[PDB]
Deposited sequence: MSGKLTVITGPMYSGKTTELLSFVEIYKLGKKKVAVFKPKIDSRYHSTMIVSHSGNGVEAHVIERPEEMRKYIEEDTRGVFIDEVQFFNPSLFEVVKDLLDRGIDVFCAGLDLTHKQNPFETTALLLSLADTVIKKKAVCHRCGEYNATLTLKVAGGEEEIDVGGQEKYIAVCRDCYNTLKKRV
């Protein structure tokens, strides 16, 4: 069977970097891959070309008979139907690697990532450097600008990575 590896953690933790490392492993082995990201900028960069898609059901079109690995970034933004699509790929012998956030900036679970963590054969929790104390112990994201909304695409203009004690102090 295929194996599912889920890469998760807060922002700035190297999730996309690790996902791309796995893509390179497969390419070096001359194993066919399919790389996806949710919706139009086709670049996965921390780069490889990715298929930008709205729904997990759309992945089927791009998966060929000798596809060996499927790589999906920003999984927290996909519909939870991703769980059954991924189960089907594993059942077909295809390895799947997913990267995405585990928690929102308000420490609520991202549903789709949670479901994939339950299906995973391997889970890699990534850490970041804490923006406040500088230790390699950041497991949370704190929102520093913009509104309080939990869906808000952005980078350093809106978000920092913090450890739990720094998150609680700053709040």
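Of the deposited sequence, the ranges 1, 41-45, 53-56, 182-184 have no C-alpha coordinates according to the record.
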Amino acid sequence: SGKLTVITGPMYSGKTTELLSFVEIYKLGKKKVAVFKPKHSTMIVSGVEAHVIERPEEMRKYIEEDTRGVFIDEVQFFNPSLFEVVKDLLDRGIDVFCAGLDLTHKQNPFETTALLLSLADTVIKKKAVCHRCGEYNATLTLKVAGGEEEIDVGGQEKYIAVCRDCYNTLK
From here on, numbers count along this sequence of modelled residues.
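Gaps at residue 152 occur in at least a third of the other compared entries of the protein that contain both adjacent residues. Across the other PDB entries of this protein whose models span the neighbouring residues, residue 47 goes unmodelled in a third or more.
Legend: mean Cα B-factor per stretch from the PDB entry, 55-63 versus 129-137; the higher mean is in 55-63.
In this entry, the residue among 118, 42, 107, 112 with the greatest C-alpha B factor is 42. Compared with the other modelled residues of the chain, the Cα B-factor recorded for residue 123 ranks in the lowest third. The entry lists a Cα temperature factor for residue 156 that places it in the highest third of the chain's modelled residues.
The PDB entry assigns residue 103 a C-alpha temperature factor belonging to the lowest third of its chain's modelled residues.
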